[PDB]
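Here are the chains, one letter per residue:
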Amino acid sequence: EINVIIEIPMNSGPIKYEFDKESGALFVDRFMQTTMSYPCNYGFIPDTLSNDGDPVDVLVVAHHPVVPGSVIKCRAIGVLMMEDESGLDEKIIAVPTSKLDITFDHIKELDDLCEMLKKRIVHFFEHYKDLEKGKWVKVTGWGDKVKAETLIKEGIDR
Amino acid sequence: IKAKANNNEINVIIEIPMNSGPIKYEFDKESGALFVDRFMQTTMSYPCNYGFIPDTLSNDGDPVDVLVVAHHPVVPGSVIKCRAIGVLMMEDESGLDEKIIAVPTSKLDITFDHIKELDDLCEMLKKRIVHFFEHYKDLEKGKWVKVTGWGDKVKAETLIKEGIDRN
Amino acid sequence: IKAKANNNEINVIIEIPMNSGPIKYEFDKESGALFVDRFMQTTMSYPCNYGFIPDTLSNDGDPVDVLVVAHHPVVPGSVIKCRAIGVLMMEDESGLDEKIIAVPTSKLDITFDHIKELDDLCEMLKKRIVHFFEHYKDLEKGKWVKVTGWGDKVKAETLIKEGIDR
Amino acid sequence: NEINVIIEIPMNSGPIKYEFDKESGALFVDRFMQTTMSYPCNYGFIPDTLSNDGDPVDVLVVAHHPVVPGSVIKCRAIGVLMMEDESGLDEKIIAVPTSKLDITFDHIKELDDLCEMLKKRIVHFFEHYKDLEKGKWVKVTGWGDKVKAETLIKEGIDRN
Amino acid sequence: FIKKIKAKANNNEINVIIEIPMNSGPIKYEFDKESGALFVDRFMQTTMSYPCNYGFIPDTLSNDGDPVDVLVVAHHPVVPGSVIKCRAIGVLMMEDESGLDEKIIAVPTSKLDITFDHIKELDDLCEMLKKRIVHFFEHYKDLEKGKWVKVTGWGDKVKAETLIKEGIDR
Amino acid sequence: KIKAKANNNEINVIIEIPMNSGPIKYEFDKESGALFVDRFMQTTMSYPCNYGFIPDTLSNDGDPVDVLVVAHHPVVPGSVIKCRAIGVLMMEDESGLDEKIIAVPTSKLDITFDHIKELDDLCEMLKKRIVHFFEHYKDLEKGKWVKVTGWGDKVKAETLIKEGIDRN
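Residues numbered from 1 in each chain as written, not as in the entry; some residues may be left out. Chains lettered and ligands numbered in written order. Heavy atoms only, no water.

A. Inspection of the overall build of chain D at higher detail. What chain D contains, in helices and strands, is two helices and eight strands. In chain D, the succession of α and β elements from N to C terminus is β-β-β-β-β-β-β-α-β-α. Principal axes of the C-alpha set define a box for chain D whose edges measure 40 × 35 × 30 Å. Every one of the 160 residues in chain D was classed for burial, and the buried ones make up 60%. (Helix = DSSP H or I, 4+ residues; strand = E, 2+ residues; numbered from the N terminus. Buried < 20%, exposed > 50% of the residue type's maximum accessible area, 1.4 Å probe, protein only.)

B. Representation of the UniProt feature "binding site: Mg(2+) 1" in chain A in the model. All names here are of chain A. As recorded in UniProt, the sites labelled "binding site: Mg(2+) 1" are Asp52, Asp57 and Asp89. Taken together, the annotated residues stretch across 38 residues yet fold into one region, lying no more than 11.0 Å apart by C-alpha. Here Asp57 lies in strand β5 (residues 56-60). Looking at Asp57, the relative accessible area reads 11%, which means it is buried. Excluding residues that lie within four positions of it along the chain, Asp57 makes contacts with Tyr42, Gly43, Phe44, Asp89, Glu90, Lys91 and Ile92. Examined against the element boundaries, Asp89 turns out to sit in strand β7 (residues 87-96). With a relative accessible area of 16%, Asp89 lands in the buried category. In contact with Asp89, not counting residues within four places along its chain, are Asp57, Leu80, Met81, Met82, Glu83 and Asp84. (UniProt positions renumbered as here; feature names shortened; annotations may be inferred. Contact = heavy atoms within 4.5 Å.)

C. Region of interest: the UniProt feature "binding site: substrate" in chain D. Residues and elements named next belong to chain D. Within the UniProt annotation, "binding site: substrate" is assigned to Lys17, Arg31, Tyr43 and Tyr129. Secondary-structure assignment places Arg31 in strand β3 (residues 27-32). Mapped onto the secondary structure, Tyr43 falls in strand β4 (residues 42-45). Taking relative accessible area as the criterion, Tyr43 reaches 10% and is therefore assigned buried.

D. Representation of the pairing of strand β2 (residues 9-16) of chain C in the model. All names here are of chain C. When you tally the buried positions in β2, you get eight out of eight residues, the bulk of the element. Pairing analysis gives two bridges linking strand β1 (residues 4-6) to β2, with the strands arranged antiparallel. The residue of β2 that forms the bridge with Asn6 is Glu9. Where β1 folds back onto β2 in an antiparallel hairpin, the turn is made up of two residues. Sheet topology places β2 next to strand β7 (residues 79-92); four bridges connect them, and they run antiparallel. What sits directly across from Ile13, in β7, is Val79. (Pairing = 2+ DSSP bridges.)

E. Region of the structure containing the pattern of salt bridges. Throughout the structure, instances matching the rule amount to 56 salt bridges over all chains. With a closest N to O distance of 2.5 Å, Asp97 of chain C and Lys99 of chain C form a salt bridge. The two residues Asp97 of chain C and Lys99 of chain C agree in class, both being buried. Between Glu19 of chain E and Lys33 of chain E there is a salt bridge, with its nearest N and O atoms 3.6 Å apart. With a gap of 14 residues between them, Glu19 of chain E in strand β1 (residues 13-20) and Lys33 of chain E in the loop between β2 (27-32) and β3 (37-43) connect regions that are remote in the sequence. Here the salt bridges share partners, and the residues they tie into one network are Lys24, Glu26, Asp37, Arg38, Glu140 and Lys143 of chain B. (Salt bridge = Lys/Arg side-chain N within 4 Å of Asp/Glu carboxyl O.)

F. Representation of the UniProt feature "binding site: Mg(2+) 1" in chain D in the model. Residues and elements named next belong to chain D. Mapped onto this numbering, the UniProt entry annotates "binding site: Mg(2+) 1" at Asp53, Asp58 and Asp90. Among the residues examined, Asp53 registers a relative accessible area of 54% and is labelled exposed. Separated by 2.2 Å, the side chains of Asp53 and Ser51 make a polar contact. Among the structural elements, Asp58 can be located in strand β5 (residues 58-61). (Polar contact = N/O pair within 3.5 Å; in protein donor to acceptor, adjacent residues only side chain to side chain.)

G. Focus on a negative patch on the surface. Taken together, the side chains of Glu109, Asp111, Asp112, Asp144 and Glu149 of chain A define an acidic patch exposed on the protein surface. For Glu109 of chain A, the position within the fold is in the loop between β7 and α1 (115-127). (Patch = residues over 30% accessible without salt bridge, like charges linked within 9 Å, V, L, I, M, F, W, Y side chains within 5 Å. Areas by Shrake-Rupley, 256 points an atom, 1.4 Å probe, with all protein chains shown as cover. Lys, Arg positive; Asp, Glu negative; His and termini not counted. Charge placed at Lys NZ, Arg CZ, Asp CG, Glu CD.)

H. Structural view of the interface of chain E and chain D. Counting from both sides, the interface comprises 20 residues of chain E and, opposite them, 14 residues of chain D. Summed over both sides, the interface of chain E with chain D buries roughly 1,400 Å², with 66% coming from carbon and sulfur. A per-residue breakdown of the area chain E buries against chain D is headed by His76, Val83 and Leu112 of chain E, which together make up 33% of the total. Our count for the contact surface shared by chain E and chain D stands at zero salt bridges. Inspection of the region where chain E meets chain D yields five residue pairs in polar contact. Here the element with the most residues in the side of chain E that touches chain D is strand β6 (residues 83-96) of chain E; it accounts for three residues. Class assignment for the residues of the side of chain E that touches chain D results in 11 nonpolar, five polar and four charged. (Buried area = accessible area lost by both parts, 1.4 Å probe. Nonpolar A, V, L, I, M, F, W, Y, C, P; charged D, E, K, R; others polar.)

I. Representation of the interface of chain B and chain C within the structure. The interface of chain B with chain C comprises 15 residues on the first partner and 15 residues on the second. For the pair chain B and chain C, the summed buried area comes to about 1,400 Å², and 61% of that belongs to carbon and sulfur atoms. The largest share of the area that chain B buries against chain C comes from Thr43, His131 and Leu139 of chain B, three residues that together contribute 43% of it. Our enumeration of links across chain B and chain C arrives at zero salt bridges. Between the two partners, chain B and chain C, sit seven residue pairs in polar contact. Tallied by class, the residues present in the side of chain B that touches chain C amount to five nonpolar, six polar and four charged.

J. Summary view of the packing of aromatic side chains. By the definition in use, this model includes 46 aromatic pairs over all chains. Between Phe136 of chain E and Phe137 of chain E the ring centres are 5.2 Å apart and the planes differ by 80°, which places this aromatic pair in the edge-to-face class. The two residues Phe136 of chain E and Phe137 of chain E agree in class, both being buried. Put simply, the rings of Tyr38, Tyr42, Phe124, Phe125 and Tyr128 of chain A touch in pairs and so form one group of aromatic residues. A cation over a ring is seen here: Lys21 of chain A above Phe44 of chain A, with NZ or CZ 3.9 Å from the ring centre. Positioned over the ring face of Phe52 of chain C is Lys29 of chain C, at 4.1 Å from the centre of the ring. (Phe/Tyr/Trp six-rings, centres within 6.5 Å; stacked < 30°, edge-to-face > 60°. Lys NZ or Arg CZ within 6 Å of the ring centre and 35° of its normal.)

K. Structural view of the arrangement of the chains. Looking across the 12 pairs of chains in contact, one finds the most contacts between chains D and E. No part of chain B reaches chain E; the closest C-alpha pair between them is 18 Å apart.

L. Structural context of empty space enclosed by the protein. Residues and elements named next belong to chain E. As enumerated under the stated definition, the model contains one cavity of 30 Å³ or more in all. By volume, the largest cavity is sized at about 40 Å³. If you trace the largest cavity, you find it lined by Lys8, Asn12, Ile14, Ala88, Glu161 and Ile164. Within the lining of the largest cavity, the residues separate by chemical class into three nonpolar, one polar and two charged. (1 Å grid on protein atoms, 1.4 Å probe; cavity = no way out; pocket = protein on both sides within 12 Å on 5 of 7 lines; lining within 4 Å. Points joined across faces, edges and corners; volume = space filled by probe spheres on them.)

M. A look at the nonpolar core. Counting 111 residues, the largest nonpolar core has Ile72 of chain A, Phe133 of chain B, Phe133 of chain C together with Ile73 and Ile93 of chain D as its most contacted members. Leaving out residues up to four positions away in the same chain, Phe133 of chain B has contacts with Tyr46, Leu67, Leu88, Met90, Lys99 and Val145 of chain B. (Core = buried A, V, L, I, M, F, W, Y, C linked by side-chain atoms within 4.5 Å.)

N. Structural view of helix α1 (residues 127-139) of chain E. Between its terminal C-alpha atoms α1 of chain E stretches 18 Å, which fits the 18 Å expected from 13 residues at 1.5 Å a residue. The complete set of buried residues in α1 of chain E reads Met128, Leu129, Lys130, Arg132, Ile133, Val134, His135, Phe136, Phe137 and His139 of chain E. Where α1 of chain E is buried, its residues contact α1 of chain A together with β5 (68-72), β6, β7 (99-108) and β8 (149-155) of chain E. (Expected span 1.5 Å × (residues − 1).)

Structure (structure tokens):
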């Protein structure tokens, strides 16, 4: 079980929020220029640090959006691997715990996710900065659960 | 935030907005974080803005909770200054449960001015409320709720006092 | 509009979108006007898109109605091409009522392709639908509903062939 | 004594001012409203009626919730709102849903039965919603009786 | 109603029947001009929504037997089935898998929204909005197998009115 | 405690009330840092812009300098927009004098405001809509009135902000 603070709710529209850690305020990072909304609730695991000096970020697949700033207890089921202009980028894929939503209980690996959801997610990431000057993403592959858990542990320990 | 404002008004912190669908939020009393308690499974949403009175303590070990009857939803984590007008009494699988029923103060909304007692609320609204609590956990294993009655304004004020004094 | 879209597909005109609040709409066959039936008094919303099959006739004189399981709501009056996968069987105060359960054809949403019967639906969702039907009329006097069970696809195809044949 | 009202503009909806084309039966965008105001009530008209201005009799339907544009609410008139604008007198029936549709309005028999604040909010909307249209304005002169509304209704059905 | 509505609201102006609102969800609606029924064409599979209000001019026939299409650039979404009177300012030009496709770019008439009065040619539209429209059309079929779209370029107002006239005369 | 200025001409603005957001009039309580419901507003009017204030500022009314952020979309309450001041909306109510800074997002947030550097660059109807809002949003609150007395320019705005920063 990991705690994930949500920055950006699924299907929310053009606003790209980001938490300032120095203050804990939610800042507007960007007013997004495409017609794309985030495919998943999106946030981070508090008290963790990626090698990029930032927290471990997370896509929480849920059936519903959630107010920015709310926390979802989830479990990691995988990892989405990307490289952006700032280099390499990994995002955990997680789902609510069976206390929050029992209907995800049979979802144990990426394998168990809708294929189309997964493609929607790649398509989103590969395109949502297209109209952002000086910015881009490439999706190089996926990791499994064991891979997700090691990322988290390394990020807690860092 | 204190349990009470002026003129015997209470501060109530909103966890869940009225008619707001399936997310059941709850504030972590420790860290002050807004947590997702559940993604609720029925097709019901709360009939009221729902929250708690800060700086209070129930026998259950949590803040006195409150249903705010209002004409409009409010973002979660926002604070409505209200007057208590009653109590909803329940029993669930784990014991007794009471919820204050409050309305906004006339300074937030003058249209509630003439609502001083429970008998002043919409009759359907009151049944909507009981219906909500008696059924919204039906798809949750082992959970039940039964409304056993209502208390009056004094009853509420006493509950609130005890909650304050108990902190 | 014809009831049938292909061999094993139906047209369904949506009156009430999934998760859409208190408004309960019903189309007036005569006028073809969409009327407000009631403002519902519980905190329940439709657990999915709900409508009927144009050009069909139930044993009750009304058309054959369907709950269309979908990923999203649809505007009332709009028409979804589906395939029947089952049926929900109920009784209310006015006796028997059954509803076809359907999913969008795979042309409209391929994520539904692998759902061919009721048992391929989310168990919670099925539980959600029943719970709704069993309680959404609770605060309306002299009104009630009990779910007596489900029928399978064959059973649904037969209710549709009937209502067309009638 | 019950009326069918086809709704053009749902309470609290954005800026889109819809207008029924009687010719075609289509829903036209009359205006993208320039102010920050939203309709205070669901608004439309009674089919197969006909007012002095040669337009259908139009109705504000006080309800607790919005309805999609084009849908029809069975209602019963309780009063009339009387106005004049840059073009003369305008009057609007105030109706509430039948008790079949919403039993919570059962006790609403006259205008006096309405929230004073709703009545005020209505007046203000009308007096102000066209402020940013050049040359246009509205002033509310007063309110009519339920018999005034029925009369009005009677007259629009007959005029038709 | 699709039959009772004229294609031109007068000399400047076209009646456009909206099928899909701006910034609307995944639902891709299409009027069937047989029955005038609104059909769900598809539940779109990407995270994209339409960047403007989308519909067609009644009483027109494109070369391909459909009506003439219009993206109505507007400040706000309208309800599907509703009609807006606009005036054309351009056309967008592309190629999908099934050949050529041009769509008319229009704005409301100044009677509907006077804030559009100074918008006369494409050059007057926000550049980011134009890029956003292109982007949309180039990508919103990406998850639909065998489906593709390239944007060829833009036509001017004269091109647009030529398109309208033709479709009318056709 | 968020900085007033994100840098030498940009300001941080904490949003209380989203554009087009309905009847809820929120107000942050400084002492608690809690988002309070101030009013359930009684007319059918919504805010024309995202509205809030600059932290760490203090006006003469003993409240922080408050801002209308013209933007294409509402943003959640409590969220912070980085912007740049382009003018001042100058008014009087029953309490006396009042000024609201008019800001737009920085070009990092939204490049489409890039070309908007003075009030005359704004849609005239938008400006008409903002004035109308303020001059009527309180008509149904007894005793309350507002008169828009005019507009200030960027220099003016930028002075107000400077003073509000120095005064805090």
